[PDB]
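Engineer:
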Amino acid sequence: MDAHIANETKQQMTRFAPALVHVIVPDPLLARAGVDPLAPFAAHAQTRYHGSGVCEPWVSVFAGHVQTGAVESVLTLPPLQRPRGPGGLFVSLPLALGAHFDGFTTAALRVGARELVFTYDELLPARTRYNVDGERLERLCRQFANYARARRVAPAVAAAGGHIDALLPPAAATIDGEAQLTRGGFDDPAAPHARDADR
Amino acid sequence: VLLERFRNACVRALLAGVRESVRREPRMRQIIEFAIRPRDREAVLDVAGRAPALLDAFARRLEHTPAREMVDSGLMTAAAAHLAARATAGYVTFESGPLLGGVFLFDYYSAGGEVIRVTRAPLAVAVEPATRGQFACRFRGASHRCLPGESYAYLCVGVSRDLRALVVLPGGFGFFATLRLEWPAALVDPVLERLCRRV
Amino acid sequence: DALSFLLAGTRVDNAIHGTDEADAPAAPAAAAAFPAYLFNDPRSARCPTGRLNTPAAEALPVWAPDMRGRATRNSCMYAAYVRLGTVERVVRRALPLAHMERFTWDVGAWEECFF
Amino acid sequence: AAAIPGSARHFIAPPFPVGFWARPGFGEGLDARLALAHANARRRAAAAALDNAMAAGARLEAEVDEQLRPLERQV
Amino acid sequence: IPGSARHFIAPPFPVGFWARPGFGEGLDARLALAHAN
Numbered sequence: 001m002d003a004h005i006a007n008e009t010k011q012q013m014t015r016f017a018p019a020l021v022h023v024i025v026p027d028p029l030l031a032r033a034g035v036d037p038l039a040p041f042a043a044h045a046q047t048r049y050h051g052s053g054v055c056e057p058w059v060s061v062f063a064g065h066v067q068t069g070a071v072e073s074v075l076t077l078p079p080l081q082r083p084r085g086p087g088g089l090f091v092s093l094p095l096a097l098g099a100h101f102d103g104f105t106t107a108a109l110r111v112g113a114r115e116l117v118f119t120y121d122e123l124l125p126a127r128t129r130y131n132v133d134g135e136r137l138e139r140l141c142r143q144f145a146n147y148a149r150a151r152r153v154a155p156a157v158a159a160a161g162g163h164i165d166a167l168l169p170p171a172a173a174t175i176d177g178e179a180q181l182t183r184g185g186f187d188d189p190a191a192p193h194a195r196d197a198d199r
Numbered sequence: 399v400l401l402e403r404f405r406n407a408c409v410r411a412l413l414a415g416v417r418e419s420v421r422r423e424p425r426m427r428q429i430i431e432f433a434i435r436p437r438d439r440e441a442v443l444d445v446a447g448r449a450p451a452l453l454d455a456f457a458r459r460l461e462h463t464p465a466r467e468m469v470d471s472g473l474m475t476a477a478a479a480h481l482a483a484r485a486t487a488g489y490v491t492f493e494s495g496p497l498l499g500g501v502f503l504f505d506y507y508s509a510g511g512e513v514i515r516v517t518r519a520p521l522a523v524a525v526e527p528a529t530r531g532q533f534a535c536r537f538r539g540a541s542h543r544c545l546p547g548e549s550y551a552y553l554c555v556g557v558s559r560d561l562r563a564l565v566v567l568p569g570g571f572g573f574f575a576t577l578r579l580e581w582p583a584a585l586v587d588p589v590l591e592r593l594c595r596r597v
Numbered sequence: 247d248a249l250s251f252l253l254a255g256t257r258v259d260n261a262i263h264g265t266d267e268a269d270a271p272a273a274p275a276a277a278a279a280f281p282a283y284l285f286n287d288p289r290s291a292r293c294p295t296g297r298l299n300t301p302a303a304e305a306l307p308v309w310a311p312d313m314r315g316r317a318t319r320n321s322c323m324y325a326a327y328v329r330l331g332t333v334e335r336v337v338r339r340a348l349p350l351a352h353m354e355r356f357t358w359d360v361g362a363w364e365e366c367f368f
Numbered sequence: 010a011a012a013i014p015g016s017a018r019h020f021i022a023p024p025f026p027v028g029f030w031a032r033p034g035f036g037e038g039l040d041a042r043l044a045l046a047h048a049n050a051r052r053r054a055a056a057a058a059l060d061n062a063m064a065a066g067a068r069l070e071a072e073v074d075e076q077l078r079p080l081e082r083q084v
Numbered sequence: 001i002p003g004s005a006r007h008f009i010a011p012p013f014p015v016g017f018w019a020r021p022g023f024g025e026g027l028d029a030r031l032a033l034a035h036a037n
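Residue numbers (the deposited numbering), protein chains in the order written: chain U, 1 to 199; chain L, 399 to 597; chain F, 247 to 340, 348 to 368; chain A, 10 to 84; chain H, 1 to 37.
#1: Should F:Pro271 be flagged as near chain U, meaning a C-beta pair shorter than 8 Å?
#2: In terms of residue numbering, what span does the beta strand (DSSP E) encompassing H:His35 cover?
#3: By a C-beta neighbour count over all protein chains shown, 10 Å radius and 16 as the cutoff for buried, is residue 4 of chain A buried or exposed?
#4: Please report the straight-line C-alpha distance between U:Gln143 and U:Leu80, rounded to a whole angstrom.
#5: Could you tell me the boundaries of the alpha helix (DSSP H) in which U:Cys141 lies?
#6: At a CB distance below 8 Å, what residues from the stretch 9-31 of chain H approach chain A? Give them in sequence order.
#7: Tell me which residues share the same chain as U:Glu115 and place their Cβ nearer than 7 Å to its Cβ, disregarding the 5 neighbours each side in the sequence.
#8: Does the contact criterion of 3 or more C-beta pairs under 8 Å hold for the stretch 247-258 of chain F versus the stretch 454-466 of chain L?
#9: Evaluate H:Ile1 with the Cβ neighbour count: other Cβ atoms within 10 Å of its Cβ, from every protein chain shown; 16 or more gives buried, anything less gives exposed.
#10: Helix, strand or coil for F:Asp259, going by three-state DSSP, please let me know.
#11: Just the chain U side, please: which residues come within less than 7 Å of A:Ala65 by C-beta, in chain order?
#12: Hey, is H:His7's beta-carbon within less than 8 Å of any beta-carbon in chain L?
#13: Answer yes or no: does any C-beta atom of chain A fall closer than 8 Å to that of U:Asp133?
#14: For a quick check, are the C-beta atoms of H:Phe23 and L:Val420 less than 8 Å apart?
#15: U:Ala43: which of U:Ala3, U:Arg82, U:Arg127 sits nearest, CA to CA?
#16: Does the distance from the CB of F:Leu252 to the CB of F:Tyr324 come in under 8 Å?
#17: If you measure from the beta carbon of A:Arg51 to each beta carbon in chain U, is any gap under 8 Å?
#18: Starting from L:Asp470, find everything on chain U with Cβ-Cβ shorter than 9 Å and list it in chain order.
#19: Can you give the Cα-Cα distance for F:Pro307 and F:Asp287, rounded to whole angstroms?
#20: Run through DSSP, which three-state label would U:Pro78 get?
#21: With C-beta atoms as the reference, is F:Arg335 less than 8 Å away from F:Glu354?
#22: Give me the chain F residues within the contact set of U:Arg15, using Cβ-Cβ distance strictly less than 9 Å, ordered along the chain.
#23: Straight-line CA distance for F:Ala278 to U:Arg127?
#24: Counting only the same chain and skipping the five closest in sequence on each side, list residues whose C-beta sits under 7 Å from that of F:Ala310.
#25: If you compare alpha carbons, which of U:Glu135, U:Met13, U:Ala45 is closest to U:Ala179?
#26: Relative to the alpha-carbon of U:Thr106, which residue among U:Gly184, U:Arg48, U:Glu72, U:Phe16 has its alpha-carbon at the smallest distance?
#27: Where does A:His19 sit, in a helix, a strand or coil, going by DSSP?
#28: CB-CB under 6 Å to F:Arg319, same chain, minus the five flanking residues each way: which ones, in chain order?
#29: Evaluate L:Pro546 with the Cβ neighbour count: other Cβ atoms within 10 Å of its Cβ, from every protein chain shown; 16 or more gives buried, anything less gives exposed.
#30: Taking residue 259 of chain U as the reference, give the member of U:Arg199, U:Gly184, U:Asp176 with the closest Cα.
#31: Under 8 Å, Cβ to Cβ, is there at least one residue of chain U near F:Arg314?
#32: Give the interface partners of U:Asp102 over in chain A, defined as CB-CB distance under 9 Å, in chain order.
#33: With a threshold of 8 Å between beta-carbons, can L:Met426 be considered close to chain A, or not?
#34: Would you list, in chain order, the members of the stretch 516-537 of chain L that have their beta-carbon closer than 7 Å to a beta-carbon of chain U?
#35: In its own chain, which residues sit with a C-beta less than 7 Å from the C-beta of U:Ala173, not counting the 5 before and 5 after it?
#36: Under 7 Å, CB to CB, which of the residues in the stretch 432-457 of chain L have a partner in chain H?
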């Protein structure tokens, strides 16, 4: 996740592209692309418009390849649990947009030898999925509560554990990243207004 | 489509070159010095017997192969090095110093039964005119024994920055061959933006 | 000042090529200009202490001093010296050498030379 | 270690079939390969994009059913 | 003979035991287009 932060700062401070996008290419994709992980990386990228053949000069981006479960490394904190699952390199590609982001104009990625293409129409989804992260976060806080209650480490954290206890139920907890891609549905910006108008 | 068309053009060039150099009913002189032991007259006679089918299978193979596997090879490397001049704009490679014309980049091929490329990275050999029109081989940058035509089971092909190809059967027998690349001009800068850096 | 002038070329070419590889942002925002006209303004927006979280105090001007990639002191470091002692004479005489004369050892602390 | 020395006066004359030149698919700008590649690439990308769109569309009937729960409450 | 020169490495096994080259790929390019159509 440090890769995404580094790329965001390098983009905002210098403006080497209009906007950005965060991507987690997993293991089997890289494997079928002909590229191998666990080897020295050197990431680059360029944006190639369609129908003309004008390519902006390449730009180096910071990529960091995790080894064990990747998706959970975005969701969990170190001392409370360990991730699990497949793992691929984090990266962030540059874009070219601002008024009507054109379709069919790709964003070409470059790794040690091979190049991958990512059509805009494929990269940028309309609706996001922010409603399930509340369900994730409550479980995370309950997790920290049951840790602080049992491990008996320090008083300052014990007070916070007691507060969390008295705030929400202490039942149990576990965080699962794979379940995030399955269970959820896409969040739209209306439904709160539906509930409100029904109120 | 762009990469497939470019590769088709390069292969058409090379195959037409060897085609024209062999069209006239030839007798090929071993252009590289190699002392052959006196019991191996049988083996060079066998090379003589299998030269035609070997060249035919080589053409078939070099044609049918996909494009992702070819771009790292020396064929498209020297084709890009050739296009780099006429493009009227500067261009720098990614991971290799410029070719410094005079050096032939080799791509081997097996000579027994099934014909498959063996070399992962190209071999940077340098020809040098020697006694009685028999160019001397020597190679810096790579270190791979049996350089051209030294050992059996290695058909050796290589094209210079100036796009002049040679073919070295086992034992040292072969011929030079010129190359004429036929490709439009309205698309040169796209391909060179995708295969170089333009700095 | 003696070294600052002695090593002038070093300090010059060190202050400019020293910040390299640090992503500086784009042109600095006009909000970065620290407003000075507002100190001795009798009539101006004001806010007593004890009401600074998010009150109806939004009327204060914004100023974002943002310093990201400029030349820090360690960037302009060019020399460092330390006192060794006192000397009478230096003669040159032999591989070339330089014999001291009545050296009195008095070691001092280190010193920075950046400005 | 007595072996034959190498000099350019050595030649090797392979028996070529005099019809070796006019190989039909040879020299011609290769059609079927580029065409087949384009075909398969389109057919794979279309399946990918269809699966992507369906992944969002998998909530249509559910949204339509959810939207009208007030009109039961509104009587 | 002389000069510390290079030698042509011959097939270790007898000559009869290294196959005449070929190329076997039943994947035909034309009919593939006809089926994909």
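For each residue, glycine too, the CB sits at the ideal point set by N, CA and C.
Structural biologist: With the given structure in hand:
#1: Here residue 271 of chain F refers to the residue found at position 25 of the third sequence. Taking Cβ atoms only, chain U reaches closer than 8 Å to F:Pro271, which makes this a yes.
#2: Sequence index remark: in the fifth sequence, residue 35 of chain H carries index 35 (1-based). Taken as a continuous stretch (DSSP letters only), H:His35 belongs to no beta strand (DSSP E), being part of the alpha helix (DSSP H) at 29-36.
#3: This structure does not reach residue 4 of chain A, given that chain A is present from 10 up to 84, and the question cannot be answered.
#4: Within the first sequence, the letter at position 143 stands for residue 143 of chain U. Within the first sequence, the letter at position 80 stands for residue 80 of chain U. The straight-line gap from Cα to Cα measures roughly 7 Å.
#5: Stepping through the first sequence from its first residue, residue 141 of chain U is reached at position 141. Where U:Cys141 is concerned, the enclosing alpha helix (DSSP H) stretches over 132-151.
#6: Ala29, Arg30
#7: Position 115 of the first sequence holds residue 115 of chain U. Excluding positions up to five away in sequence, the list reads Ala108, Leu109.
#8: no
#9: The residue you call residue 1 of chain H lines up with position 1 of the fifth sequence. Counting Cβ neighbours within 10 Å, H:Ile1 comes out exposed, since fewer than 16 surround it.
#10: On the third sequence, position 13 is the one that residue 259 of chain F refers to. It is helical.
#11: Counted from its first residue, the fourth sequence places residue 65 of chain A at position 56. Here the neighbours are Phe186.
#12: Position 7 of the fifth sequence holds residue 7 of chain H. Closer than 8 Å to some Cβ of chain L, the Cβ of H:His7 qualifies, so yes.
#13: Locating residue 133 of chain U in the first sequence gives position 133, counting from the first residue. No - not a single Cβ of chain A is within 8 Å of the one on U:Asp133.
#14: On the fifth sequence, position 23 is the one that residue 23 of chain H refers to. On the second sequence, position 22 is the one that residue 420 of chain L refers to. Not in contact: H:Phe23 and L:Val420 (Cβ atoms no closer than 8 Å).
#15: In the first sequence, the residue the question calls residue 43 of chain U occupies position 43. Looking at the Cα atoms, U:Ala3 is the closest of the given residues.
#16: Here residue 252 of chain F refers to the residue found at position 6 of the third sequence. Here residue 324 of chain F refers to the residue found at position 78 of the third sequence. In this structure, F:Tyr324 does not lie closer than 8 Å to F:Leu252 by Cβ.
#17: Within the fourth sequence, the letter at position 42 stands for residue 51 of chain A. By this cut-off, A:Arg51 is not an interface position.
#18: Position 72 of the second sequence, counted from the start, is the residue given in the question as residue 470 of chain L. Residues of chain U passing the Cβ test: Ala113, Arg114.
#19: Along the third sequence, one-based indexing puts residue 307 of chain F at 61. Along the third sequence, one-based indexing puts residue 287 of chain F at 41. Whole-angstrom Cα-Cα distance: 14 Å.
#20: Walking along the first sequence from the start, residue 78 of chain U turns up at place 78. If DSSP states are grouped into helix, strand and coil, U:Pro78 belongs with the helices.
#21: Looking up residue 335 of chain F in the third sequence gives position 89. Looking up residue 354 of chain F in the third sequence gives position 101. Their beta carbons are under 8 Å apart, which means F:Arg335 touches F:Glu354 by this criterion.
#22: Stepping through the first sequence from its first residue, residue 15 of chain U is reached at position 15. Neighbours of U:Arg15 on chain F, chain order: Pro271, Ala272.
#23: If you number the third sequence from 1, residue 278 of chain F lands on position 32. If you number the first sequence from 1, residue 127 of chain U lands on position 127. When rounded, the distance between both Cα atoms is 36 Å.
#24: By 1-based counting over the third sequence, the position of residue 310 of chain F is 64. Result list for F:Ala310: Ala275, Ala277, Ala278, in chain order.
#25: Translated into the one-based positions of the first sequence, residue 179 of chain U becomes position 179. With distances taken between Cα atoms, U:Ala179 lies closest to U:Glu135.
#26: On the first sequence, position 106 is the one that residue 106 of chain U refers to. Of the candidates U:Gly184, U:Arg48, U:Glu72, U:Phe16, the one whose C-alpha sits nearest the C-alpha of U:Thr106 is U:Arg48.
#27: For the purposes of this step, residue 19 of chain A is taken as the residue at position 10 of the fourth sequence. A:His19 falls in the coil class under three-state DSSP.
#28: Taking the first residue of the third sequence as position 1, residue 319 of chain F is located at position 73. Closer than 6 Å at the Cβ level, and outside the excluded window around F:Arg319, lie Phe367.
#29: Start at 1 with the first residue of the second sequence, and residue 546 of chain L comes out as number 148. Flag for L:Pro546 reads buried.
#30: As displayed, chain U neither begins before 1 nor continues past 199, which places residue 259 of chain U out of reach and without an answer.
#31: On the third sequence, position 68 is the one that residue 314 of chain F refers to. F:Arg314 counts as touching chain U.
#32: Here residue 102 of chain U refers to the residue found at position 102 when the first sequence is read from its first residue. The contacting residues do not exist; U:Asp102 stays about 16 Å from chain A at best.
#33: On the second sequence, position 28 is the one that residue 426 of chain L refers to. At least one chain A Cβ lies under 8 Å of L:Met426.
#34: none
#35: As a position in the first sequence, residue 173 of chain U is number 173, starting the count at 1. Hits under 7 Å: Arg139, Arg142, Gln143, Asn146.
#36: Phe432, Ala433, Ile434, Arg435, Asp438, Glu440, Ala441, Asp444, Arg448, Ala451, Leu452, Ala455
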